[PDB]
Structures are given as structure tokens and as C-alpha cells.
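Participant: There's a structure below that I have some questions on.
Protein chains: 4
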Amino acid sequence: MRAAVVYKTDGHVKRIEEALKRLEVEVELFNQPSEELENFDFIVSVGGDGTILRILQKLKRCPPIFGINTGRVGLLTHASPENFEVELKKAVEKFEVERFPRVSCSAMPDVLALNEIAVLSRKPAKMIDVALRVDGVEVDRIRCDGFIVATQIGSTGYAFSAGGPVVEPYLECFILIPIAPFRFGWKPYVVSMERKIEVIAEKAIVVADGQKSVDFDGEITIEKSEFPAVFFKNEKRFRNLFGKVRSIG
Amino acid sequence: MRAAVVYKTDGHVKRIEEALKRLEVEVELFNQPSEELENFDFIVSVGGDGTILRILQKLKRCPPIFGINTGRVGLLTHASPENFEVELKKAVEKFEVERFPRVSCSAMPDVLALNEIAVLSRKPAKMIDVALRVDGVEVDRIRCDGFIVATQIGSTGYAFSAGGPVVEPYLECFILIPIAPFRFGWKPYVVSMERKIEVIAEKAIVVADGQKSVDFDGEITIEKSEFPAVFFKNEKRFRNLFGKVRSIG
Amino acid sequence: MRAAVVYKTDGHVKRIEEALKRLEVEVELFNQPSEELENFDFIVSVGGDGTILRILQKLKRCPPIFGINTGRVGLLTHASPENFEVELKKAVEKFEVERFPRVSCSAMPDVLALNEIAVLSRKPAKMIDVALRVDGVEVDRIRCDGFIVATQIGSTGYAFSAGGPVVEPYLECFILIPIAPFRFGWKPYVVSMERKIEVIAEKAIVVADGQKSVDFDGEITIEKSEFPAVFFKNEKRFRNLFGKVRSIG
Amino acid sequence: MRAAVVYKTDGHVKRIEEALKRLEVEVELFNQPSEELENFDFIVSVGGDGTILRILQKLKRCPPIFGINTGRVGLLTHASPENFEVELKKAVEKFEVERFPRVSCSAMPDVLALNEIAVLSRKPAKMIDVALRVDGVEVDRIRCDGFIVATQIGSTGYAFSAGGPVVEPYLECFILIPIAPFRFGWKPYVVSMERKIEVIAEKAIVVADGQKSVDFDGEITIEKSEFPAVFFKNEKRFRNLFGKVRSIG
Ligand SMILES: NC(=O)c1ccc[n+]([C@@H]2O[C@H](COP(=O)([O-])OP(=O)(O)OC[C@H]3O[C@@H](n4cnc5c(N)ncnc54)[C@H](OP(=O)(O)O)[C@@H]3O)[C@@H](O)[C@H]2O)c1
Ligand SMILES: NC(=O)c1ccc[n+]([C@@H]2O[C@H](COP(=O)([O-])OP(=O)(O)OC[C@H]3O[C@@H](n4cnc5c(N)ncnc54)[C@H](OP(=O)(O)O)[C@@H]3O)[C@@H](O)[C@H]2O)c1
Ligand SMILES: NC(=O)c1ccc[n+]([C@@H]2O[C@H](COP(=O)([O-])OP(=O)(O)OC[C@H]3O[C@@H](n4cnc5c(N)ncnc54)[C@H](OP(=O)(O)O)[C@@H]3O)[C@@H](O)[C@H]2O)c1
Ligand SMILES: NC(=O)c1ccc[n+]([C@@H]2O[C@H](COP(=O)([O-])OP(=O)(O)OC[C@H]3O[C@@H](n4cnc5c(N)ncnc54)[C@H](OP(=O)(O)O)[C@@H]3O)[C@@H](O)[C@H]2O)c1
Numbered sequence: 001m002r003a004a005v006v007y008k009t010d011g012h013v014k015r016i017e018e019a020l021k022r023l024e025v026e027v028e029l030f031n032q033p034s035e036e037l038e039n040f041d042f043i044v045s046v047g048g049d050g051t052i053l054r055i056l057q058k059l060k061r062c063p064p065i066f067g068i069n070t071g072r073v074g075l076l077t078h079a080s081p082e083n084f085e086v087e088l089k090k091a092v093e094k095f096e097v098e099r100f101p102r103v104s105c106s107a108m109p110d111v112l113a114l115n116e117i118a119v120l121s122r123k124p125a126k127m128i129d130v131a132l133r134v135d136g137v138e139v140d141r142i143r144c145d146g147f148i149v150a151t152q153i154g155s156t157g158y159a160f161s162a163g164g165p166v167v168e169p170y171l172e173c174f175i176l177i178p179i180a181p182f183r184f185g186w187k188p189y190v191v192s193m194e195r196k197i198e199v200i201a202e203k204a205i206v207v208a209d210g211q212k213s214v215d216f217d218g219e220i221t222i223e224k225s226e227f228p229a230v231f232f233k234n235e236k237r238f239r240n241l242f243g244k245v246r247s248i249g
Numbered sequence: 001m002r003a004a005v006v007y008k009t010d011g012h013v014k015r016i017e018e019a020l021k022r023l024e025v026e027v028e029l030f031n032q033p034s035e036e037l038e039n040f041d042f043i044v045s046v047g048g049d050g051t052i053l054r055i056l057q058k059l060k061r062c063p064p065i066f067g068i069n070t071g072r073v074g075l076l077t078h079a080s081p082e083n084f085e086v087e088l089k090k091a092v093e094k095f096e097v098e099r100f101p102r103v104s105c106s107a108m109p110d111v112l113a114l115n116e117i118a119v120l121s122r123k124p125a126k127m128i129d130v131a132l133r134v135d136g137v138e139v140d141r142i143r144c145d146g147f148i149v150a151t152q153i154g155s156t157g158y159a160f161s162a163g164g165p166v167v168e169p170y171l172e173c174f175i176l177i178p179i180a181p182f183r184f185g186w187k188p189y190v191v192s193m194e195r196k197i198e199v200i201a202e203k204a205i206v207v208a209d210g211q212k213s214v215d216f217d218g219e220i221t222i223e224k225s226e227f228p229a230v231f232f233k234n235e236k237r238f239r240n241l242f243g244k245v246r247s248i249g
Numbered sequence: 001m002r003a004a005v006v007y008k009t010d011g012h013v014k015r016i017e018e019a020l021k022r023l024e025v026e027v028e029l030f031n032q033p034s035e036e037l038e039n040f041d042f043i044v045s046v047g048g049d050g051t052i053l054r055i056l057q058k059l060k061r062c063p064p065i066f067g068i069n070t071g072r073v074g075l076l077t078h079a080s081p082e083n084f085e086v087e088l089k090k091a092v093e094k095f096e097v098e099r100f101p102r103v104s105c106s107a108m109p110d111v112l113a114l115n116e117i118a119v120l121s122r123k124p125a126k127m128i129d130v131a132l133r134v135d136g137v138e139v140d141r142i143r144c145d146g147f148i149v150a151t152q153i154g155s156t157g158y159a160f161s162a163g164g165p166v167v168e169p170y171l172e173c174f175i176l177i178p179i180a181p182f183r184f185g186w187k188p189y190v191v192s193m194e195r196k197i198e199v200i201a202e203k204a205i206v207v208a209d210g211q212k213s214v215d216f217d218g219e220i221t222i223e224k225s226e227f228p229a230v231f232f233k234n235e236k237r238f239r240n241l242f243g244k245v246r247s248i249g
Numbered sequence: 001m002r003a004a005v006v007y008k009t010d011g012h013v014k015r016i017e018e019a020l021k022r023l024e025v026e027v028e029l030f031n032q033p034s035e036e037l038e039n040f041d042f043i044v045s046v047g048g049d050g051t052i053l054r055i056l057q058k059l060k061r062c063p064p065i066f067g068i069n070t071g072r073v074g075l076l077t078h079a080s081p082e083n084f085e086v087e088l089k090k091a092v093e094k095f096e097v098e099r100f101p102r103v104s105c106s107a108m109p110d111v112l113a114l115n116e117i118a119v120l121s122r123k124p125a126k127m128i129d130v131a132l133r134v135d136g137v138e139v140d141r142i143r144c145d146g147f148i149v150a151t152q153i154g155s156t157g158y159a160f161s162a163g164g165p166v167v168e169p170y171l172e173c174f175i176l177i178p179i180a181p182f183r184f185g186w187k188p189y190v191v192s193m194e195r196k197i198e199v200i201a202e203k204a205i206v207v208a209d210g211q212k213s214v215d216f217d218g219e220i221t222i223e224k225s226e227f228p229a230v231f232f233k234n235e236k237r238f239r240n241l242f243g244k245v246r247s248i249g
């Protein structure tokens, strides 16, 4: 059984490597994400949530991810440098896995997103007229700095800052919310993730998980992909959710 | 086949009779909701969403409800007097039904709520210290005027005014949100409606769908019941939601 | 020179007496607010902002107030038990005074409010239809749990929880904001404090600084009074503002 | 008495020309704003609030402005095509003036802003770390898509969409609010326009009234300038505000 250790800075890589060693696991260190990662039994992320997002941009089929939070808040991580040994041991031996859906939009067919797909204007300080449709029905048209289509996992990211609700990890759904909407009233919409999202806009740009982006004009489609992000089951995922959220910043 | 027609004011009760008559349906009239409605094939509600809420408070087993919106906005209704005869026939003929979960708290053992269970302070202009727990884990503790535990159907009611998100009718869940929270940061939480909610508060009052209340001191649990609200299927429920919401007043 | 010392609990009332001693000031201890306080050169509040709100309720003319916060946050206080001495001496010796307007409403002529005048429904969990006029012009009609009319000082109290903006102490103005407004869109309005505020509501109750209330039906008017609250000049009032607000709860 | 008529389209230029001729006012046509407008007794704007903003960009000394609204909502406007002839005559005959402050940025020494000075990220979908100080005191530090420093006039513009409050036209003040702030809690701040604002951020751009922008790295300061925007007094500005704000989109 071999595993890949991905890291941003040399942080705690030494000890993490030795721990995987004592658990008799072959190790291969990575300076940065690479599609080569698909060829392992599981991955150990060392950094933050951003690290895990970058790792997932290289994966289609996804081996179990165990994340180590090196910073402040880690909604996607399993432990910190302080207790990764105990947890890693439990994860690597119990080998219970857990899945969360990933999305894709027609403008970038090969990209998958865990947090969200954002439609922003190309120039800063410029609005865009965005039309929104889901399962064919026109649900709204609004002028804003951009529009967010996020998963429940994304509810704590960009959507959160736009004023969105925090949604439980285990409740699948889309969160449609505008960024700086110019209208008297507006509300975030929470709909089923089985539905098809269509966003219509001119002189815009699509961004997925803040990584890959492509300029586009007209209309794009967003739906649930077939390749979820996979992690080892975090027994306290729900419990930690509320505490981690109050410390965001 | 027999149907009970419940009305707020006897303004159209005649036309409706001469319509259920044409459809060969035995008809009975009730000026005020009653446990007897439980002995009919279906119920016709004349008035507003409130009318429907008042009817439900009398039903454990719930015959299919066909609502005729008397006024402005009716998220729970099926048509207005301007076209009820048409939509009524399609409903009675196809007889396709739809169900939405109802909840109950321990303070009032036999009452069901379609919108929410709200916990407010007994005296106006006075705060209460509220503690929240779902499935055992402590999720929050905050000072506020009150706290709402709503279903997705209630996401457009009291919860909406407290700044909650608009949630699709076909996505089951709990919107947990405070009313006038006295704290720098706060967010609504959307969790699976399969979980157990617990609200701990002193000098408080519990209200179900705005109909039945009762004072309580301490803990009360809220959870999904076995007796849903049953309505005739509304083929356009999803599309008409966004429109009706923007006109809420 | 004699000064009154008001306290809720026996907290640090001792050392505070001994400090006013070394400053050659005559002391008079009060277990609770009294209209008597008007006959002093200055008052020393020992408790919190609530304590100061309760003291001001019994003062038409207001001798300089010096607050000591034994609580968590005190936007109206000058020091904590840890440094009241140094600050008390500076205040009493330099004796520089600062003033903030107080408001009064027609329903309760003799009452003055430093934070706000709030219009709430008599029964909890019930909305009230509120009409708002400023200087005779109609500004808004809305359904809500209540409606707040606050000063810049109250901007961090009830109005804050209703979603209002924090206004610095030295910018005189009114903050009009509803509690749980039942409407798609709504915004807090910030108008000049020289204007006449008019609130029309049935089955309501008016409250001033959360201390005095009167049931009322019809229309009440609110405007700037002639008896400001008077405190010793607080040099760091402004810079302290932003830190104290983030800790509110 | 000579006046310049600035228009965005051939619209009602003809009828406006006869209207002024019929008033013994010498007129001149301008397709696009010019620094020459400073050489007229008054200016007639045809278009929307944007037209007015673009005209102000070329004026230090500001001759009175009369606005005719082509669009749907014009908070800076005076009349619509349907009745400009009437209002125009009352304006030009009474010649009553009204002034509103414009602020200036240190990154663009000669530009004036009526709505706001906004600091945004250079790249879309990228946050910037923004530090805020007013009158030399540290007020906040937050990660966001941007930050807005608006005047009461701008409170209905960008600040509005960022979730800021509605501040009446006659209450001079600054509105400090972030765009898509990534933090659990946050509040818009309203401070006196006599204070000095300082925004600190790297890899950012400053935009004035959404017209002129420059890249900056470090610290910029914003203060009230000496060159106000001037308009013919709008008798119903205060009452029309609430109506216009509720129709924004
Ligand atoms: N709020 C905003 O203004 C804003 C702007 C752009 C992008 N974003 C979010 O960040 C992602 C793209 O990031 P980026 O490459 O531009 O920069 P980062 O990834 O440089 O910035 C994103 C920040 O958000 C944290 N984060 C990411 N996903 C999160 C989640 N689900 N819940 C809570 N925090 C989360 C990151 O992890 P840390 O613990 O690991 O460091 C980091 O602090 C998007 O998926 C989007 O959700 C937010
Ligand atoms: N926003 C608030 O401040 C507030 C305060 C108390 C109660 N409520 C809500 O009203 C219910 C209690 O009713 P009540 O006897 O006090 O007064 P009503 O029932 O007198 O008032 C409730 C108002 O909300 C509308 N409504 C009801 N259920 C709704 C839903 N699921 N989505 C959108 N609108 C809905 C009703 O419409 P119809 O008659 O008009 O057609 C009615 O206009 C609760 O379930 C709660 O959700 C809201
Ligand atoms: N946010 C809400 O939901 C809510 C509900 C009702 C009343 N209030 C406010 O409470 C006051 C009525 O007093 P009460 O007898 O009901 O309660 P308290 O005064 O029993 O409770 C009020 C709480 O608010 C704090 N507070 C008071 N004035 C403040 C101000 N100007 N800025 C920031 N915090 C302030 C108090 O601080 P200390 O701990 O220092 O006393 C206390 O924690 C009114 O001024 C009203 O604005 C707020
Ligand atoms: N909310 C947002 O996302 C956003 C984004 C960028 C800029 N803005 C605002 O627009 C200005 C820059 O203009 P721009 O070149 O980007 O495009 P515009 O000027 O093309 O767009 C601005 C829109 O806002 C309206 N507007 C302008 N000033 C206003 C004010 N003081 N109060 C209420 N509405 C106002 C305009 O009205 P008319 O159609 O009648 O001219 C127009 O619809 C800035 O001063 C800023 O306040 C807002």
C-alpha cells in the first residue's frame, strides 16, 4: 500500500512521512499537485482547505484524501500537526471512506468543482446582467458583481461571504447567491443538486473552486458530475462544523 | 367520493359547491376547522396559506388539500377564484398527491407544524438566552428575541423575515435561525430534517405554526413526525415559488 | 463636592468609595436609581451600560456620569475595575464633559431614551402593521414583529441585532429599522435627528431604552428632547468603539 | 445667462433647446462631458445618474445641474421628459442651489467622487487583505473582494448592493463597508465625513464613481474635498428618496 504526501511548504512533512512509515506505507512526496496522484491508495494533504482544492483539480477518479490543517480553519481537514498520528492511524487502518459531490459547467468540460462555480465580470468594479434558470424555468435576472452556484461544501466559502447560509456537509444541495446584487430585495436560493443550473451572462468569466477560469459569453450549464471528492470518514465532521465556521476570517 | 369545503368567509362557497356538484362529489361545509375533516376524501381550503395552516392543526391523518388562494400570495394554494373550477377538475380527476413533512416538539406532544416551531421570550422587548443542539452536539448559544426551527416549507415564513434563505419545497431540511440575535456575527444553519433539534431556554414560549403555544422552562426537543401535510400535486410548484416569493408582503 | 455612586451588586463599591475619598469628594451610596441623583455634582455608575440606562431614566437634568464596567463590554463606560482609579482622577480633576441627545415619544411624555424607542406587538409571535412617517412625508408601511427608532448611541443595541449599521457616537442621527420584516426587500434608514418621526401601529406597545412601556393604539411621534445624557469626556471613545462592537454578545 | 446641455442620445435635445430658448437662455450642445462646462451658468443633463457622474468628472468648480431622467430611477435627477419643461422653468427662474460633498483619493490627486472611492482586487475571484483606519486609528482588517468608502449620496449605489444602509441626502457622512467579506461577523460603519479615511492593501485598484481608476500598492487616504457637486434645489428630494430606493434594480 502506497500513499502520496502533498504539501505547500516543508512544514511538518518530516514527521508525517515517518508516521506513514511506522504504519508501513510506501511514501512519495509531492511539491505540487499532479495527475500522477491517481495512482495511489490514498493521499495526505498538508496545508489547508486550499491545498485539498488544488489536489482535487488533478483528480477525476479520486483516491481517499486525509487532510492535515497547518493553518487556522480546516473545514476539509481531518487533524492538525498536534494529533495527525492518532487520526492517521485510525483512518489508514479502519479505511472507512466518505463522499461529497463535485460539479462541472459546460464552459470547462474537464474541470470539476467541490466548492462552487462563480460567474464574475471580467473587469473589476463592473456589473453584469445575470439571468438564472434551473430545470428550464426562469428563476431570476439580476445586476451584480457576479453570481455564485455552490455545493453545500461551498456554503462556507465564497457563498458564505456573499451572505449565504451555512449548510450541513451531509445535505446535498445547490446554493445560488449573487455577489453585490443591485436590487432592493434578493435572497439566496437553496435547491436540489439533482437539478440543472443555467446561467446567462455577457462579458463574464467562469471560475471553478477559484482555480480554473475561462472567459465566456452567453450561456453555461452547471450540473452534478459523476466524480465525487473522496475523503476518509471524519467521525466529528458535523460536530466541528459549527465551531470551525465561527472562526472564519 | 366526498370532500369538505372549509372557508374563512362564505364568498365563493356557492360556486365551489356547484363545481364539486358537477364533479359528482358529496360536499359538506365547515366555517371553522375540525377533527372531522379527517373523514373526507379531500379538502378544499378557501382563503390563504393561514387558512391551510389552521386546517392542518386539526389533522393527524391528512386528506389531500386543494387550496384556493383568496388574496395576494399563496405558496400553499393551487389557484384563485378566477380559475379554480379548471384546476379543481384536473386535481379531482388525476388525484395525484404530494407530501411535505410535519414536525413536533416535546412541549406539545400532539401538535404538528408544517412551517416551524418558534421559541420566543414571554415578554416583548426582552431577550432570552438560547442554547441549540442537533443530534446531541452543541451547535450554538446566543441571546435573541427568539429562535426559529423551520422546515423548507416554512423557509418563506417567519424564518424568511429573520433573514433566512429561500429553500426549495422538495428539499427536506431544517432552517435554524435566530430572531434579532445580539451578537456581532451569526448565520442561519440548514441541516437534515432527519436530525433531532433541542432548544434550551428559560422564561420562554413555544409556538407551532403560529397557532398553538405553551410556556416552558428548560429543554424541548423538535423532530420530524410521521404525519405529513398532504396536498394535491401542483405541477408548477417549483416554478411559481420564485415569483410568489418576490411579491411577499 | 459630593458625588453619587450607583451599583447593582456590591462588586467593587468599596475601593471605589476609597478612591473618591482620596479625591476629597463626599460619597452617597445608592442600591438603585433615584430621582435624587439630580442633587449631585457627578454620578459614578458601577455595573454596565444597562446600569447607566437605568440611571438616566431618573434624570431630567443630568450631572456628569462616570461609568465603571464590571461586565464584558461597555460602550457607555470609561473604565473597568482594573483602571478606574487613574481614569477617575483624570476625569474629576480635568472635569471635561460630553453630551449625547435623548429622545421622547408622545405616548410617554416624561420618559427619555438614550438608545431607542421601540414599537412591538403586545402579544409575542404576532406581527403588527407599521406605518412610518418622517416630517409628515410617508416613508414606509410594513408588517413586522416591531419597529425600532434609535439614535447613534442605540445603533449598537436593539437596532444592531435587527441588522442595523454601527454609527459612531459623534454623528447625530436617527436609525429606523424593523424587527423581522415580512417583505422581500427592506433597508435600515438613517435620517437626520432634527426630523420628526411618526409611527402608526395597532395593538402595539412602545418601549424606551427597555425600561418604560405603555400599550398604545394609533399613532405616536418621536423627536429629539432638550435633556441630553451627560458623561465625562472619554478620549478613546471613538477608537474603543470598533473593538467593543466585535465582542458584543 | 448661458447653459450647456449634455446628452447621451438625440432623445429630447430638440424640445429641451426650445424650452431654454423660450427662456432667454443661451444654449450649447455637448455629445460628451468636457472641462468647458465650467464656463456656463448651469448644466442640463439628459440620461441617468450615470450621466451626472460622468459630467462631474470634468468639473472642479461646479455650475448648478438640472437632471432629466431617461432611465427608470434617478436619485440625482430633477424631472422626466414628460414634465421637464415645467420643472426646468421653476429651476431656472428661482435658481435655488443645493450642494453635496465630493471626496478625493490620494492615489488620484485630481479626481473627485460623489458616490464613492472603491478599493477592489485587481484579478476577479481573488480576495485582497484590506486594512482600514480613520483619523489614524485602526478600525478593521478584513479579507474581501473589495472595500467601499461612500458618502450618503453613494449609500444608494455600490454600498447599497454590498448591504449598506440607506442614508438620507442631507446627512453628511462616510459609509465604510466591504464587498463579500470573508469573516463570520461584520458591520457597515457610518462615520463623520470630516474624518480622514485610510485604506491599506496590496495588488489592488482604486475606482472613483466607477469612472477613473488606478493601480496602487500600499496606503491611500480619502478626505472630504473643497469642490462639492451642485444641483438646483430639489424640493421633494427627501420624500422621493424612499420611493426611488424601493424600485432599484
Ligand atoms: N470570500 C471571498 O471573497 C472569496 C473570493 C474568492 C474565492 N473564495 C473561495 O475560495 C475558493 C478559491 O480559493 P482561491 O484559490 O482564490 O484562494 P485560497 O484558496 O487562497 O482562498 C480561499 C480561502 O478560503 C478558504 N476556504 C476554501 N474553501 C473553503 C470552504 N469550503 N469553507 C471555508 N473556507 C474555505 C481557504 O482555505 P484555508 O484554511 O485553507 O487557507 C482560504 O482561506 C473558492 O472555492 C471560493 O469558495 C472566496
Ligand atoms: N415574518 C414574521 O414576522 C412572522 C411573525 C409571526 C408568524 N409568522 C409566520 O406565520 C405563521 C403563523 O401565522 P399567524 O397566525 O401568526 O399569522 P397569519 O398566519 O396571520 O400571518 C402569516 C402571514 O404569512 C403568510 N404565510 C404563512 N405561511 C407561509 C409560508 N410557509 N410561506 C410564505 N408565507 C406564509 C400568510 O399568508 P396567507 O394568509 O396570507 O395567504 C400570512 O400573510 C408561522 O408559521 C410563521 O411562519 C411570520
Ligand atoms: N438585541 C436585542 O435583541 C435587544 C432586545 C431588547 C432590548 N435590547 C436593548 O436593551 C436595552 C433595554 O434594556 P433591557 O432591560 O431589556 O436589557 P439589559 O439592558 O438587560 O440588556 C441589554 C444588553 O445590551 C447591552 N446594551 C445596552 N445598551 C447598549 C448600547 N447602547 N450599545 C451596546 N450594548 C448595549 C447591555 O450591556 P451591559 O451588559 O453592559 O448591561 C446588555 O447586555 C435597550 O437599549 C435595547 O436597545 C436589545
Ligand atoms: N452595485 C454594484 O454592483 C455596482 C458596481 C459598480 C458600480 N456601482 C455604482 O455605479 C457607479 C459607477 O458607475 P458605472 O460606470 O459602473 O455604471 P452605470 O454607472 O453604468 O451603473 C451604475 C448604476 O447605478 C445607478 N446609480 C448611480 N449612482 C447612483 C446613486 N448615487 N444611487 C443609486 N443608484 C445610482 C445608475 O443609474 P442610471 O442608470 O440612472 O445612471 C446605474 O443604473 C459607482 O459610483 C457605484 O456607486 C454599483
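Protein chains in written order, with full-length UniProt numbering: chain Z, 1 to 249; chain U, 1 to 249; chain E, 1 to 249; chain R, 1 to 249. Ideal Cβ positions, reconstructed from N, Cα and C, are used throughout, including at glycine.
Which residue's Cα is closest to the Cα of E/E18: E/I200, E/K89, E/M193, E/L120?
Facilitator: E/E18 has its Cα closest to that of E/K89, out of E/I200, E/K89, E/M193, E/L120.
Participant: Could you have a look at E/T77 and say whether DSSP puts it in helix, strand or coil?
Facilitator: Correct three-state label for E/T77: coil.
Participant: Cα-Cα, which of E/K233, E/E85, E/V149, E/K94 is closest to E/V207?
Facilitator: Out of E/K233, E/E85, E/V149, E/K94, E/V149 has the C-alpha closest to the C-alpha of E/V207.
Participant: Alpha carbon to alpha carbon, how far is U/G146 from U/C105?
Facilitator: Cα-Cα distance, rounded: 16 Å.
Participant: With respect to the alpha helix (DSSP H) encompassing E/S247, which residues constitute its N-terminal and C-terminal limits?
Facilitator: Careful: E/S247 lies outside any alpha helix (DSSP H) and carries neither H nor E.
Participant: Could you give the first and the last residue of the continuous beta strand (DSSP E) run that contains R/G67?
Facilitator: 65 to 69 is the span of the beta strand (DSSP E), which, as asked, contains R/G67.
Participant: Counting pairs of beta carbons, one from the region 12 to 28 of chain R and one from the region 40 to 50 of chain R, are three or more of them closer than 8 Å?
Facilitator: Touching, per the Cβ criterion.
Participant: Between which two residues does the beta strand (DSSP E) containing U/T221 stretch?
Facilitator: Where U/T221 is concerned, the enclosing beta strand (DSSP E) stretches over 212 to 224.
Participant: When the distance is taken between beta carbons, is E/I117 closer than 8 Å to E/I222?
Facilitator: Result yes, Cβ atoms of E/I222 and E/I117 sit closer than 8 Å.
Participant: So within the region 155 to 216 of chain Z, which uninterrupted alpha helix (DSSP H) runs reach at least 4 residues, ignoring any that extend past its ends?
Facilitator: With a minimum length of 4 residues, the continuous alpha helix (DSSP H) runs that stay inside the region 155 to 216 of chain Z are 158 to 161.
Participant: Can you determine whether any heavy atom of ligand 4 sits closer than 7 Å to the C-beta of R/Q211, and answer yes or no?
Facilitator: Yes - ligand 4 has a heavy atom lying nearer than 7 Å to the Cβ of R/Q211.
Participant: How about Z/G67 and Z/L76: do their beta carbons lie closer than 8 Å?
Facilitator: Contact: yes.
Participant: Going by the DSSP bridge assignment, what does R/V137 pair with across the sheet?
Facilitator: R/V137 is bridged to R/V134.
Participant: Would you please state the rounded distance, in angstroms, between the beta carbons of Z/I248 and R/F184? I believe it to be under 8 Å.
Facilitator: About 5 Å; that satisfies the 8 Å criterion.
Participant: 8 Å is my cut-off, CB to CB: does R/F184 come that close to chain U?
Facilitator: Taking Cβ atoms only, chain U reaches closer than 8 Å to R/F184, which makes this a yes.
Participant: My understanding is that R/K58 touches R/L37, with C-beta atoms under 8 Å, so please give their C-beta distance in whole angstroms.
Facilitator: With a Cβ gap of about 6 Å, R/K58 and R/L37 count as contacting.
Participant: Quick check on U/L53: does DSSP put it in helix, strand or coil?
Facilitator: U/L53: helix per DSSP, three-state reduction.
Participant: Any residues in the region 184 to 213 of chain Z with a beta carbon nearer than 8 Å to a beta carbon of chain R? Which ones, in chain order?
Facilitator: If the cut-off is 8 Å between Cβ atoms, the region 184 to 213 of chain Z has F184, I205, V207, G210, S213 near chain R.
Participant: For U/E168, which residues from the same chain have a beta carbon less than 8 Å from its beta carbon, with the 5 sequence-adjacent residues on both sides left out?
Facilitator: These residues qualify, in order along the chain: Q152, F238, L241.
Participant: Closer than 8 Å by C-beta to E/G11: which residues in its own chain qualify, once you throw out the five before and the five after it? Chain order, please.
Facilitator: Same-chain partners within the cutoff: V46, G47, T70, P81.
Participant: Any beta carbon from chain U within less than 8 Å of E/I16's own beta carbon?
Facilitator: No, E/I16 lies away from the interface with chain U (no Cβ there is under 8 Å from its Cβ).
Participant: On the criterion of 16 or more Cβ atoms from any shown chain inside 10 Å, does Z/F95 qualify as buried, or is it exposed?
Facilitator: Z/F95 comes out exposed.
Participant: Using the three-state DSSP reduction, which class does Z/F238 fall into: helix, strand or coil?
Facilitator: Three-state result, Z/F238: helix.
Participant: Considering only heavy atoms of ligand 4, does any lie closer than 7 Å to the CB of R/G154?
Facilitator: Yes, the beta carbon of R/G154 sits closer than 7 Å to at least one heavy atom of ligand 4.
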